[PDB]
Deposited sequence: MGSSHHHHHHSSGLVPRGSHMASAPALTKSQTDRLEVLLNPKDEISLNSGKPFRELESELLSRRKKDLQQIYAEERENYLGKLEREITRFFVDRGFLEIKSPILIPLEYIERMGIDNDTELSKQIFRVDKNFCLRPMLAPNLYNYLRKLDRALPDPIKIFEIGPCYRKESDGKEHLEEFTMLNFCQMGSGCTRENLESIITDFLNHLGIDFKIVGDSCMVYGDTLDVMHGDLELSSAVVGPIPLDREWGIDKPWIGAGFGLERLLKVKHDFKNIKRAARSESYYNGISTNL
């Protein structure tokens, strides 16, 4: 008897990218399932015996090291932010991203992006720190949203403001970063300040990057050249570990380092 679609779905939960097992050599479902359960249990046992690190935590630590070592100040800013910051980001009450915001009270929301707090840090730090100002943050962001989007995700955003804010410098930082992580990519932009660049892995967007200045800056009291980019950590993990589904890379009770916890 052929496997049912439901049975196949169940085995796929238990399958890890490089399992050499074949789902069509006569073995009944129960046997295939039992084999995969054994393997996934042994995977968790191995993590628990040796490293004990969560991939999302560990990636955050590796990225933090990378940016700190290259002169960028580590920021930890609020996750719960004023709703006014979203409007000030140019996201109107009729925009599609406006419908994706998780509101919390009359006045607050879960940040859907790192830009507003980083804008405020850039303005504030310009009074204390020498040119150029280099900062980054990694942490949770939220958007009401498939196989590439999560409602709860983790962004890296880095910024430089003042001298050296060129397209070439931005591309070089992106290039050093992803070659450090071991992640294949191409940078796409219309090749003729103002530019947005997409960092792609095949069809998957890893990042949107901006060469400022842009008109939005004045809303935030910023009037200097700047460059920056945001990367989703769950996307980076998905690519690095070859997960078929991004939910395997997320904060989750169903997956641990891309291993099913329903065993």
Compared with the full deposited sequence, the modelled chain skips 1-24, 170-171, 219-220
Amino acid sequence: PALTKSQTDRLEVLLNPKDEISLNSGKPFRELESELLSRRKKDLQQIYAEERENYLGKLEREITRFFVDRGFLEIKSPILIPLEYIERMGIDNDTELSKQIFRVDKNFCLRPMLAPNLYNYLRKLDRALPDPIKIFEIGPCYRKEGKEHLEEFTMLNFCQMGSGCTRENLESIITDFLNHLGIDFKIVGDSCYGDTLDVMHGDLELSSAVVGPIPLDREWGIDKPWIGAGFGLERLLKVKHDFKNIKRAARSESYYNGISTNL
From here on, numbers count along this sequence of modelled residues.
When mean C-alpha B-factors in the record are compared for 21-29 and 7-15, the larger belongs to 21-29
Higher avg CA temperature factor (68-76 vs 96-104, as deposited) belongs to 96-104
From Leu122, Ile138, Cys141, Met89, the top C-alpha temperature factor is at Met89
Based on the PDB entry, the highest CA temperature factor among the options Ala115, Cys192, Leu156, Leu110 is that of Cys192
Of the three thirds of Cα B-factor ranks in this chain, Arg251 occupies the lowest
So, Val188's CA B-factor, relative to its chain, sits in which third? The highest
Chain-relative C-alpha B factor for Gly230 (record values, thirds): the lowest
Of the three thirds of the chain ranked by Cα temperature factor, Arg218 occupies the highest
Chain-relative C-alpha B factor for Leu59 (record values, thirds): the lowest
